[PDB]
Structures are given as structure tokens and as C-alpha cells.
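Text of the file input-v2.cif, holding mmCIF, N, CA and C atoms:
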```
data_structure
loop_
_atom_site.group_PDB
_atom_site.id
_atom_site.type_symbol
_atom_site.label_atom_id
_atom_site.label_comp_id
_atom_site.auth_asym_id
_atom_site.auth_seq_id
_atom_site.Cartn_x
_atom_site.Cartn_y
_atom_site.Cartn_z
ATOM 1 N N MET A 1 21.375 2.628 18.632
ATOM 2 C CA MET A 1 20.827 1.462 17.885
ATOM 3 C C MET A 1 20.111 1.953 16.625
ATOM 4 N N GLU A 2 19.681 1.051 15.785
ATOM 5 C CA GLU A 2 18.975 1.468 14.541
ATOM 6 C C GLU A 2 17.577 1.974 14.894
ATOM 7 N N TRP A 3 17.213 3.134 14.411
ATOM 8 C CA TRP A 3 15.859 3.690 14.715
ATOM 9 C C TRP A 3 14.909 3.377 13.557
ATOM 10 N N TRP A 4 13.656 3.732 13.694
ATOM 11 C CA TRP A 4 12.665 3.463 12.606
ATOM 12 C C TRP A 4 11.761 4.685 12.436
ATOM 13 N N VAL A 5 11.713 5.240 11.257
ATOM 14 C CA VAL A 5 10.856 6.436 11.033
ATOM 15 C C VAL A 5 9.382 6.022 11.007
ATOM 16 N N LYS A 6 8.522 6.833 11.574
ATOM 17 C CA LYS A 6 7.059 6.515 11.591
ATOM 18 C C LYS A 6 6.329 7.500 10.678
ATOM 19 N N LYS A 7 6.888 8.665 10.491
ATOM 20 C CA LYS A 7 6.244 9.683 9.612
ATOM 21 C C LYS A 7 7.321 10.625 9.074
ATOM 22 N N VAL A 8 7.040 11.329 8.011
ATOM 23 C CA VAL A 8 8.062 12.260 7.453
ATOM 24 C C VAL A 8 7.388 13.289 6.541
ATOM 25 N N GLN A 9 7.793 14.531 6.644
ATOM 26 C CA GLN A 9 7.204 15.611 5.791
ATOM 27 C C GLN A 9 8.285 16.147 4.849
ATOM 28 N N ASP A 10 8.027 16.153 3.570
ATOM 29 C CA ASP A 10 9.046 16.657 2.607
ATOM 30 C C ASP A 10 9.451 18.086 2.984
ATOM 31 N N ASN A 11 10.441 18.624 2.325
ATOM 32 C CA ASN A 11 10.890 20.007 2.642
ATOM 33 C C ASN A 11 9.871 21.010 2.102
ATOM 34 N N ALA A 12 8.641 20.898 2.514
ATOM 35 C CA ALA A 12 7.602 21.845 2.025
ATOM 36 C C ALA A 12 7.953 23.265 2.476
ATOM 37 N N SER A 13 8.888 23.398 3.379
ATOM 38 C CA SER A 13 9.276 24.754 3.859
ATOM 39 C C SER A 13 10.281 25.373 2.883
ATOM 40 N N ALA A 14 11.277 24.623 2.497
ATOM 41 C CA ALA A 14 12.298 25.152 1.545
ATOM 42 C C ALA A 14 13.429 24.126 1.414
ATOM 43 N N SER A 15 13.922 23.635 2.518
ATOM 44 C CA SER A 15 15.021 22.633 2.468
ATOM 45 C C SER A 15 15.166 21.979 3.842
ATOM 46 N N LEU A 16 14.077 21.825 4.551
ATOM 47 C CA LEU A 16 14.132 21.198 5.908
ATOM 48 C C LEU A 16 12.951 20.239 6.068
ATOM 49 N N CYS A 17 13.219 18.962 6.143
ATOM 50 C CA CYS A 17 12.121 17.960 6.307
ATOM 51 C C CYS A 17 12.082 17.507 7.764
ATOM 52 N N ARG A 18 10.929 17.136 8.255
ATOM 53 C CA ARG A 18 10.820 16.671 9.674
ATOM 54 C C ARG A 18 10.545 15.169 9.679
ATOM 55 N N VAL A 19 11.166 14.442 10.573
ATOM 56 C CA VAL A 19 10.954 12.958 10.628
ATOM 57 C C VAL A 19 10.717 12.518 12.070
ATOM 58 N N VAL A 20 9.775 11.640 12.277
ATOM 59 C CA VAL A 20 9.508 11.136 13.653
ATOM 60 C C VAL A 20 10.260 9.816 13.830
ATOM 61 N N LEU A 21 11.242 9.783 14.692
ATOM 62 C CA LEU A 21 12.027 8.523 14.884
ATOM 63 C C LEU A 21 11.461 7.727 16.061
ATOM 64 N N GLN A 22 11.088 6.495 15.819
ATOM 65 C CA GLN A 22 10.523 5.638 16.904
ATOM 66 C C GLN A 22 11.617 4.715 17.443
ATOM 67 N N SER A 23 11.495 4.291 18.675
ATOM 68 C CA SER A 23 12.528 3.386 19.268
ATOM 69 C C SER A 23 11.857 2.404 20.231
ATOM 70 N N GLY A 24 11.564 1.217 19.772
ATOM 71 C CA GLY A 24 10.913 0.212 20.660
ATOM 72 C C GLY A 24 9.459 0.613 20.911
ATOM 73 N N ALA A 25 9.241 1.778 21.458
ATOM 74 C CA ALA A 25 7.845 2.226 21.730
ATOM 75 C C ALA A 25 7.817 3.748 21.875
ATOM 76 N N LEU A 26 8.856 4.321 22.418
ATOM 77 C CA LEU A 26 8.889 5.801 22.585
ATOM 78 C C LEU A 26 8.908 6.466 21.207
ATOM 79 N N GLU A 27 8.771 7.767 21.162
ATOM 80 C CA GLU A 27 8.780 8.489 19.851
ATOM 81 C C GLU A 27 9.616 9.762 19.980
ATOM 82 N N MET A 28 10.194 10.218 18.899
ATOM 83 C CA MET A 28 11.028 11.456 18.946
ATOM 84 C C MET A 28 10.790 12.272 17.676
ATOM 85 N N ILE A 29 11.090 13.548 17.714
ATOM 86 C CA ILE A 29 10.898 14.421 16.511
ATOM 87 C C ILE A 29 12.215 15.143 16.243
ATOM 88 N N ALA A 30 12.616 15.248 15.005
ATOM 89 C CA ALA A 30 13.910 15.928 14.707
ATOM 90 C C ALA A 30 13.853 16.631 13.356
ATOM 91 N N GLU A 31 14.425 17.803 13.279
ATOM 92 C CA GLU A 31 14.436 18.546 11.989
ATOM 93 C C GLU A 31 15.582 17.996 11.133
ATOM 94 N N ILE A 32 15.314 17.707 9.885
ATOM 95 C CA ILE A 32 16.362 17.139 8.978
ATOM 96 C C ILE A 32 16.671 18.142 7.860
ATOM 97 N N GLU A 33 17.905 18.166 7.413
ATOM 98 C CA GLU A 33 18.311 19.097 6.314
ATOM 99 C C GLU A 33 18.980 18.280 5.208
ATOM 100 N N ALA A 34 18.256 17.973 4.159
ATOM 101 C CA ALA A 34 18.840 17.162 3.045
ATOM 102 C C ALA A 34 18.363 17.717 1.701
ATOM 103 N N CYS A 35 18.447 16.926 0.664
ATOM 104 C CA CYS A 35 18.004 17.394 -0.682
ATOM 105 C C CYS A 35 17.487 16.197 -1.486
ATOM 106 N N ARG A 36 17.755 15.005 -1.028
ATOM 107 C CA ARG A 36 17.275 13.800 -1.762
ATOM 108 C C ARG A 36 15.776 13.630 -1.520
ATOM 109 N N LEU A 37 15.310 14.003 -0.357
ATOM 110 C CA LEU A 37 13.858 13.877 -0.053
ATOM 111 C C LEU A 37 13.352 12.498 -0.488
ATOM 112 N N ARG A 38 14.240 11.546 -0.617
ATOM 113 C CA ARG A 38 13.822 10.175 -1.032
ATOM 114 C C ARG A 38 13.501 9.353 0.221
ATOM 115 N N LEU A 39 13.366 10.004 1.341
ATOM 116 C CA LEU A 39 13.057 9.273 2.600
ATOM 117 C C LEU A 39 11.687 8.608 2.473
ATOM 118 N N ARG A 40 11.388 7.682 3.339
ATOM 119 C CA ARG A 40 10.066 7.000 3.270
ATOM 120 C C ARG A 40 9.769 6.330 4.613
ATOM 121 N N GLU A 41 8.544 5.943 4.836
ATOM 122 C CA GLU A 41 8.193 5.286 6.125
ATOM 123 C C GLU A 41 8.874 3.917 6.203
ATOM 124 N N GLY A 42 9.293 3.519 7.374
ATOM 125 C CA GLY A 42 9.962 2.192 7.521
ATOM 126 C C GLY A 42 11.455 2.329 7.213
ATOM 127 N N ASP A 43 11.948 3.534 7.124
ATOM 128 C CA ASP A 43 13.395 3.724 6.826
ATOM 129 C C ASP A 43 14.218 3.425 8.083
ATOM 130 N N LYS A 44 15.257 2.641 7.951
ATOM 131 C CA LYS A 44 16.106 2.301 9.131
ATOM 132 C C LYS A 44 17.283 3.277 9.213
ATOM 133 N N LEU A 45 17.341 4.067 10.255
ATOM 134 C CA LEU A 45 18.462 5.048 10.407
ATOM 135 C C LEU A 45 19.489 4.503 11.404
ATOM 136 N N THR A 46 20.663 4.156 10.940
ATOM 137 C CA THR A 46 21.709 3.623 11.864
ATOM 138 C C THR A 46 22.583 4.787 12.360
ATOM 139 N N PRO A 47 23.128 4.696 13.552
ATOM 140 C CA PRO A 47 23.995 5.773 14.120
ATOM 141 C C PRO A 47 25.381 5.802 13.463
ATOM 142 N N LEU A 48 25.837 6.958 13.061
ATOM 143 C CA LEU A 48 27.181 7.048 12.417
ATOM 144 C C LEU A 48 28.258 7.092 13.503
ATOM 145 N N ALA A 49 28.321 8.162 14.251
ATOM 146 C CA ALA A 49 29.354 8.257 15.322
ATOM 147 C C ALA A 49 29.089 9.490 16.191
ATOM 148 N N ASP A 50 29.178 10.662 15.622
ATOM 149 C CA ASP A 50 28.940 11.899 16.423
ATOM 150 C C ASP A 50 27.437 12.148 16.564
ATOM 151 N N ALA A 51 26.702 12.052 15.490
ATOM 152 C CA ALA A 51 25.232 12.286 15.571
ATOM 153 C C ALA A 51 24.595 12.023 14.207
ATOM 154 N N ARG A 52 25.322 12.239 13.147
ATOM 155 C CA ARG A 52 24.750 12.002 11.792
ATOM 156 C C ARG A 52 24.102 10.617 11.749
ATOM 157 N N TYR A 53 23.389 10.318 10.697
ATOM 158 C CA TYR A 53 22.726 8.984 10.585
ATOM 159 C C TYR A 53 22.729 8.542 9.118
ATOM 160 N N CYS A 54 22.802 7.256 8.880
ATOM 161 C CA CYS A 54 22.809 6.728 7.477
ATOM 162 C C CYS A 54 21.551 5.882 7.258
ATOM 163 N N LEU A 55 20.762 6.203 6.265
ATOM 164 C CA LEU A 55 19.520 5.408 6.014
ATOM 165 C C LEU A 55 19.826 4.263 5.046
ATOM 166 N N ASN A 56 19.145 3.157 5.192
ATOM 167 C CA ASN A 56 19.378 1.992 4.288
ATOM 168 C C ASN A 56 20.812 1.475 4.457
ATOM 169 N N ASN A 57 21.433 1.764 5.568
ATOM 170 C CA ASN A 57 22.824 1.277 5.794
ATOM 171 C C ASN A 57 23.709 1.638 4.597
ATOM 172 N N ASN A 58 23.566 2.831 4.076
ATOM 173 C CA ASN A 58 24.395 3.266 2.907
ATOM 174 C C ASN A 58 24.989 4.653 3.208
ATOM 175 N N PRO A 59 26.182 4.714 3.764
ATOM 176 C CA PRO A 59 26.844 6.010 4.112
ATOM 177 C C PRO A 59 26.752 7.050 2.988
ATOM 178 N N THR A 60 26.251 6.669 1.846
ATOM 179 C CA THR A 60 26.129 7.645 0.726
ATOM 180 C C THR A 60 24.891 8.515 0.960
ATOM 181 N N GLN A 61 23.804 7.912 1.371
ATOM 182 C CA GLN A 61 22.556 8.690 1.630
ATOM 183 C C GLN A 61 22.514 9.099 3.103
ATOM 184 N N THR A 62 23.461 9.882 3.548
ATOM 185 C CA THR A 62 23.475 10.300 4.984
ATOM 186 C C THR A 62 22.836 11.679 5.124
ATOM 187 N N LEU A 63 22.583 12.099 6.332
ATOM 188 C CA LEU A 63 21.950 13.433 6.550
ATOM 189 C C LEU A 63 22.398 13.993 7.902
ATOM 190 N N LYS A 64 22.110 15.248 8.163
ATOM 191 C CA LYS A 64 22.522 15.877 9.460
ATOM 192 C C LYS A 64 21.287 16.354 10.225
ATOM 193 N N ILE A 65 21.245 16.107 11.508
ATOM 194 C CA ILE A 65 20.076 16.549 12.319
ATOM 195 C C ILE A 65 20.283 17.999 12.752
ATOM 196 N N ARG A 66 19.251 18.797 12.704
ATOM 197 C CA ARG A 66 19.385 20.221 13.126
ATOM 198 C C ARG A 66 18.956 20.342 14.589
ATOM 199 N N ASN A 67 18.065 19.489 15.029
ATOM 200 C CA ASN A 67 17.612 19.550 16.448
ATOM 201 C C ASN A 67 16.693 18.363 16.761
ATOM 202 N N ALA A 68 17.204 17.359 17.431
ATOM 203 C CA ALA A 68 16.352 16.185 17.782
ATOM 204 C C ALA A 68 15.532 16.515 19.032
ATOM 205 N N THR A 69 14.380 15.911 19.182
ATOM 206 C CA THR A 69 13.531 16.187 20.383
ATOM 207 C C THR A 69 12.837 14.895 20.819
ATOM 208 N N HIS A 70 12.657 14.710 22.099
ATOM 209 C CA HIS A 70 11.996 13.467 22.590
ATOM 210 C C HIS A 70 10.487 13.547 22.351
ATOM 211 N N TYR A 71 10.076 13.925 21.173
ATOM 212 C CA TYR A 71 8.615 14.012 20.888
ATOM 213 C C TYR A 71 7.931 14.823 21.992
ATOM 214 N N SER A 72 8.312 16.060 22.154
ATOM 215 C CA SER A 72 7.681 16.901 23.212
ATOM 216 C C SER A 72 6.344 17.439 22.697
ATOM 217 N N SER A 73 5.462 17.811 23.581
ATOM 218 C CA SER A 73 4.141 18.342 23.140
ATOM 219 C C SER A 73 4.333 19.701 22.463
ATOM 220 N N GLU A 74 5.146 20.549 23.031
ATOM 221 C CA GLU A 74 5.371 21.889 22.419
ATOM 222 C C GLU A 74 5.926 21.725 21.003
ATOM 223 N N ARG A 75 6.849 20.820 20.817
ATOM 224 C CA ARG A 75 7.436 20.617 19.462
ATOM 225 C C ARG A 75 6.385 20.017 18.523
ATOM 226 N N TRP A 76 5.718 18.979 18.945
ATOM 227 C CA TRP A 76 4.687 18.350 18.071
ATOM 228 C C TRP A 76 3.529 19.330 17.853
ATOM 229 N N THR A 77 3.248 20.159 18.818
ATOM 230 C CA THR A 77 2.130 21.134 18.662
ATOM 231 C C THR A 77 2.629 22.368 17.908
ATOM 232 N N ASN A 78 3.881 22.707 18.066
ATOM 233 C CA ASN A 78 4.430 23.897 17.354
ATOM 234 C C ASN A 78 4.887 23.481 15.954
ATOM 235 N N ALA A 79 5.162 22.219 15.764
ATOM 236 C CA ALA A 79 5.613 21.744 14.426
ATOM 237 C C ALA A 79 4.396 21.522 13.524
ATOM 238 N N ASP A 80 3.595 20.538 13.828
ATOM 239 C CA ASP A 80 2.394 20.270 12.988
ATOM 240 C C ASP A 80 1.309 21.301 13.306
ATOM 241 N N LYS A 81 1.695 22.505 13.624
ATOM 242 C CA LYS A 81 0.685 23.553 13.943
ATOM 243 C C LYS A 81 -0.325 23.652 12.799
#
```
The structure in this file should be written as C-alpha cells.
Amino acid sequence: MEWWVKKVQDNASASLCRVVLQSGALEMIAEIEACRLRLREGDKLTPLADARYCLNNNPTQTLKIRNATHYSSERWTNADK
């Protein structure tokens, strides 16, 4: 289903941004690899087919996930360390 981002960090590392995807109430964390960095809070990510996702329902601004996580404590504690 369409997810909703709650937070996002630009590629302050080099070319990998992190986004927290919310779903109804649960939360998830996933590493993103893009270059537009035009993401923003309230962005609607729809499912493409295999795993990719399209924001704003525009297959042009798509991105690839490097590793999604169910908002685990180790990831949230090791990520926003």
C-alpha cells in the first residue's frame, strides 16, 4: 500500500539518505540511494512491483532501497547514533 515518510536525512554521508516509512501506526527505517534529495516529510511512496518505490506517484522520481528495517532499536540506535 502507499506508505508515508515521517522523517528523512539528506545524504550527509555521501550518497545515501535514510527515511522512516510509517504505515497506519507502525514505523520502519530504510537506507535510500538517490541523488535528487528532493524528498520531504509527508511524501507518499507507492509500491512499484519488486521493491522499488515511486514518490508523488511519478515513476520518474523513483529510488531503490538498500535495506528496509521494521524500525528496530539496534538500527534506530546504530543509525541516529
Point to revise | Evaluate the PyMOL selection byres (((chain A and resi 17 and name CA) around 8) and name CA) and report residues as a VMD selection string | key: chain A and resid 8 to 13 15 to 16 18 to 19 31 to 34 37
Would you mind exporting the chosen residues as a PDB file, in the frame of the given file, restricted to N, CA and C atoms?
```
ATOM      1  N   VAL A   8       7.040  11.329   8.011  1.00  0.00           N
ATOM      2  CA  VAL A   8       8.062  12.260   7.453  1.00  0.00           C
ATOM      3  C   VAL A   8       7.388  13.289   6.541  1.00  0.00           C
ATOM      4  N   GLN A   9       7.793  14.531   6.644  1.00  0.00           N
ATOM      5  CA  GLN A   9       7.204  15.611   5.791  1.00  0.00           C
ATOM      6  C   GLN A   9       8.285  16.147   4.849  1.00  0.00           C
ATOM      7  N   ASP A  10       8.027  16.153   3.570  1.00  0.00           N
ATOM      8  CA  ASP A  10       9.046  16.657   2.607  1.00  0.00           C
ATOM      9  C   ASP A  10       9.451  18.086   2.984  1.00  0.00           C
ATOM     10  N   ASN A  11      10.441  18.624   2.325  1.00  0.00           N
ATOM     11  CA  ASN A  11      10.890  20.007   2.642  1.00  0.00           C
ATOM     12  C   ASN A  11       9.871  21.010   2.102  1.00  0.00           C
ATOM     13  N   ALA A  12       8.641  20.898   2.514  1.00  0.00           N
ATOM     14  CA  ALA A  12       7.602  21.845   2.025  1.00  0.00           C
ATOM     15  C   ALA A  12       7.953  23.265   2.476  1.00  0.00           C
ATOM     16  N   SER A  13       8.888  23.398   3.379  1.00  0.00           N
ATOM     17  CA  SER A  13       9.276  24.754   3.859  1.00  0.00           C
ATOM     18  C   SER A  13      10.281  25.373   2.883  1.00  0.00           C
ATOM     19  N   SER A  15      13.922  23.635   2.518  1.00  0.00           N
ATOM     20  CA  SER A  15      15.021  22.633   2.468  1.00  0.00           C
ATOM     21  C   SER A  15      15.166  21.979   3.842  1.00  0.00           C
ATOM     22  N   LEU A  16      14.077  21.825   4.551  1.00  0.00           N
ATOM     23  CA  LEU A  16      14.132  21.198   5.908  1.00  0.00           C
ATOM     24  C   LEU A  16      12.951  20.239   6.068  1.00  0.00           C
ATOM     25  N   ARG A  18      10.929  17.136   8.255  1.00  0.00           N
ATOM     26  CA  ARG A  18      10.820  16.671   9.674  1.00  0.00           C
ATOM     27  C   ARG A  18      10.545  15.169   9.679  1.00  0.00           C
ATOM     28  N   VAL A  19      11.166  14.442  10.573  1.00  0.00           N
ATOM     29  CA  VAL A  19      10.954  12.958  10.628  1.00  0.00           C
ATOM     30  C   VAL A  19      10.717  12.518  12.070  1.00  0.00           C
ATOM     31  N   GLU A  31      14.425  17.803  13.279  1.00  0.00           N
ATOM     32  CA  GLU A  31      14.436  18.546  11.989  1.00  0.00           C
ATOM     33  C   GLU A  31      15.582  17.996  11.133  1.00  0.00           C
ATOM     34  N   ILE A  32      15.314  17.707   9.885  1.00  0.00           N
ATOM     35  CA  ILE A  32      16.362  17.139   8.978  1.00  0.00           C
ATOM     36  C   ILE A  32      16.671  18.142   7.860  1.00  0.00           C
ATOM     37  N   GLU A  33      17.905  18.166   7.413  1.00  0.00           N
ATOM     38  CA  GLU A  33      18.311  19.097   6.314  1.00  0.00           C
ATOM     39  C   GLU A  33      18.980  18.280   5.208  1.00  0.00           C
ATOM     40  N   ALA A  34      18.256  17.973   4.159  1.00  0.00           N
ATOM     41  CA  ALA A  34      18.840  17.162   3.045  1.00  0.00           C
ATOM     42  C   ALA A  34      18.363  17.717   1.701  1.00  0.00           C
ATOM     43  N   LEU A  37      15.310  14.003  -0.357  1.00  0.00           N
ATOM     44  CA  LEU A  37      13.858  13.877  -0.053  1.00  0.00           C
ATOM     45  C   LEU A  37      13.352  12.498  -0.488  1.00  0.00           C
TER      46      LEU A  37
END
```
Practice item. Just the helix (DSSP H, G or I) stuff from chain A, please, per backbone DSSP, written as a PyMOL selection string. Key: chain A and resi 73-79
Review point. What is the atom CA of residue 39 of chain A-atom CA of residue 80 of chain A distance in Å, reported with one decimal?
Key: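 These two atoms are separated by 18.5 Å.
Selection by the PyMOL selection byres ((chain A and resi 68) around 6) on the present file picks out residues 29, 30, 31, 65, 66, 67, 69 and 70 of chain A.
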Point to revise | chain A: residues DSSP assigns to strand (DSSP E), reported as a ChimeraX atom specification | key: /A:3-9,17-23,26-33,44-47,53-55,62-69
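Every protein, DNA or RNA residue with an atom at most 9 Å from residue 5 of chain A, where only C-alpha atoms count and chain neighbours fewer than 5 positions away do not, is listed here: residues 19, 20, 21, 22, 23, 40, 41, 42, 43, 44 and 45 of chain A.
Minimum atom-to-atom distances from A:7, A:71, A:76, A:55 to residue 26 of chain A were compared using only N, CA and C atoms, and the lowest value belongs to A:71.
Here atom CA of residue 46 of chain A stands at a distance of 26.7 Å from atom CA of residue 74 of chain A.
For the pair atom C of residue 2 of chain A and atom N of residue 47 of chain A, the interatomic distance is 6.3 Å.
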How about completing segment 38-54 of chain A with N, CA, C and O atoms and giving it to me as a PDB file, in the coordinates of the input?
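Written out: out.pdb:
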```pdb
ATOM      1  N   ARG A  38      14.240  11.546  -0.617  1.00  0.00           N
ATOM      2  CA  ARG A  38      13.822  10.175  -1.032  1.00  0.00           C
ATOM      3  C   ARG A  38      13.501   9.353   0.221  1.00  0.00           C
ATOM      4  O   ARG A  38      13.380   8.145   0.176  1.00  0.00           O
ATOM      5  N   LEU A  39      13.366  10.004   1.341  1.00  0.00           N
ATOM      6  CA  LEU A  39      13.057   9.273   2.600  1.00  0.00           C
ATOM      7  C   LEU A  39      11.687   8.608   2.473  1.00  0.00           C
ATOM      8  O   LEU A  39      10.907   8.932   1.600  1.00  0.00           O
ATOM      9  N   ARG A  40      11.388   7.682   3.339  1.00  0.00           N
ATOM     10  CA  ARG A  40      10.066   7.000   3.270  1.00  0.00           C
ATOM     11  C   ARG A  40       9.769   6.330   4.613  1.00  0.00           C
ATOM     12  O   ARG A  40      10.642   6.163   5.440  1.00  0.00           O
ATOM     13  N   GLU A  41       8.544   5.943   4.836  1.00  0.00           N
ATOM     14  CA  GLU A  41       8.193   5.286   6.125  1.00  0.00           C
ATOM     15  C   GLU A  41       8.874   3.917   6.203  1.00  0.00           C
ATOM     16  O   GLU A  41       9.015   3.226   5.215  1.00  0.00           O
ATOM     17  N   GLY A  42       9.293   3.519   7.374  1.00  0.00           N
ATOM     18  CA  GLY A  42       9.962   2.192   7.521  1.00  0.00           C
ATOM     19  C   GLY A  42      11.455   2.329   7.213  1.00  0.00           C
ATOM     20  O   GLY A  42      12.157   1.350   7.059  1.00  0.00           O
ATOM     21  N   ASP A  43      11.948   3.534   7.124  1.00  0.00           N
ATOM     22  CA  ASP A  43      13.395   3.724   6.826  1.00  0.00           C
ATOM     23  C   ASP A  43      14.218   3.425   8.083  1.00  0.00           C
ATOM     24  O   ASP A  43      13.916   3.897   9.162  1.00  0.00           O
ATOM     25  N   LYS A  44      15.257   2.641   7.951  1.00  0.00           N
ATOM     26  CA  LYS A  44      16.106   2.301   9.131  1.00  0.00           C
ATOM     27  C   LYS A  44      17.283   3.277   9.213  1.00  0.00           C
ATOM     28  O   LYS A  44      18.132   3.312   8.343  1.00  0.00           O
ATOM     29  N   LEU A  45      17.341   4.067  10.255  1.00  0.00           N
ATOM     30  CA  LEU A  45      18.462   5.048  10.407  1.00  0.00           C
ATOM     31  C   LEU A  45      19.489   4.503  11.404  1.00  0.00           C
ATOM     32  O   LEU A  45      19.224   4.399  12.584  1.00  0.00           O
ATOM     33  N   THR A  46      20.663   4.156  10.940  1.00  0.00           N
ATOM     34  CA  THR A  46      21.709   3.623  11.864  1.00  0.00           C
ATOM     35  C   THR A  46      22.583   4.787  12.360  1.00  0.00           C
ATOM     36  O   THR A  46      22.764   5.763  11.659  1.00  0.00           O
ATOM     37  N   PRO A  47      23.128   4.696  13.552  1.00  0.00           N
ATOM     38  CA  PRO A  47      23.995   5.773  14.120  1.00  0.00           C
ATOM     39  C   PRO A  47      25.381   5.802  13.463  1.00  0.00           C
ATOM     40  O   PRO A  47      26.031   4.785  13.323  1.00  0.00           O
ATOM     41  N   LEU A  48      25.837   6.958  13.061  1.00  0.00           N
ATOM     42  CA  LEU A  48      27.181   7.048  12.417  1.00  0.00           C
ATOM     43  C   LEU A  48      28.258   7.092  13.503  1.00  0.00           C
ATOM     44  O   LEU A  48      29.029   6.167  13.663  1.00  0.00           O
ATOM     45  N   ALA A  49      28.321   8.162  14.251  1.00  0.00           N
ATOM     46  CA  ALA A  49      29.354   8.257  15.322  1.00  0.00           C
ATOM     47  C   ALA A  49      29.089   9.490  16.191  1.00  0.00           C
ATOM     48  O   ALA A  49      28.814   9.382  17.369  1.00  0.00           O
ATOM     49  N   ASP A  50      29.178  10.662  15.622  1.00  0.00           N
ATOM     50  CA  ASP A  50      28.940  11.899  16.423  1.00  0.00           C
ATOM     51  C   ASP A  50      27.437  12.148  16.564  1.00  0.00           C
ATOM     52  O   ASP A  50      26.946  12.426  17.640  1.00  0.00           O
ATOM     53  N   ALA A  51      26.702  12.052  15.490  1.00  0.00           N
ATOM     54  CA  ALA A  51      25.232  12.286  15.571  1.00  0.00           C
ATOM     55  C   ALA A  51      24.595  12.023  14.207  1.00  0.00           C
ATOM     56  O   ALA A  51      23.450  11.628  14.112  1.00  0.00           O
ATOM     57  N   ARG A  52      25.322  12.239  13.147  1.00  0.00           N
ATOM     58  CA  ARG A  52      24.750  12.002  11.792  1.00  0.00           C
ATOM     59  C   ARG A  52      24.102  10.617  11.749  1.00  0.00           C
ATOM     60  O   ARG A  52      24.247   9.825  12.658  1.00  0.00           O
ATOM     61  N   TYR A  53      23.389  10.318  10.697  1.00  0.00           N
ATOM     62  CA  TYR A  53      22.726   8.984  10.585  1.00  0.00           C
ATOM     63  C   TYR A  53      22.729   8.542   9.118  1.00  0.00           C
ATOM     64  O   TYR A  53      22.666   9.356   8.216  1.00  0.00           O
ATOM     65  N   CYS A  54      22.802   7.256   8.880  1.00  0.00           N
ATOM     66  CA  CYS A  54      22.809   6.728   7.477  1.00  0.00           C
ATOM     67  C   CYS A  54      21.551   5.882   7.258  1.00  0.00           C
ATOM     68  O   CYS A  54      21.292   4.943   7.985  1.00  0.00           O
TER      69      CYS A  54
END
```
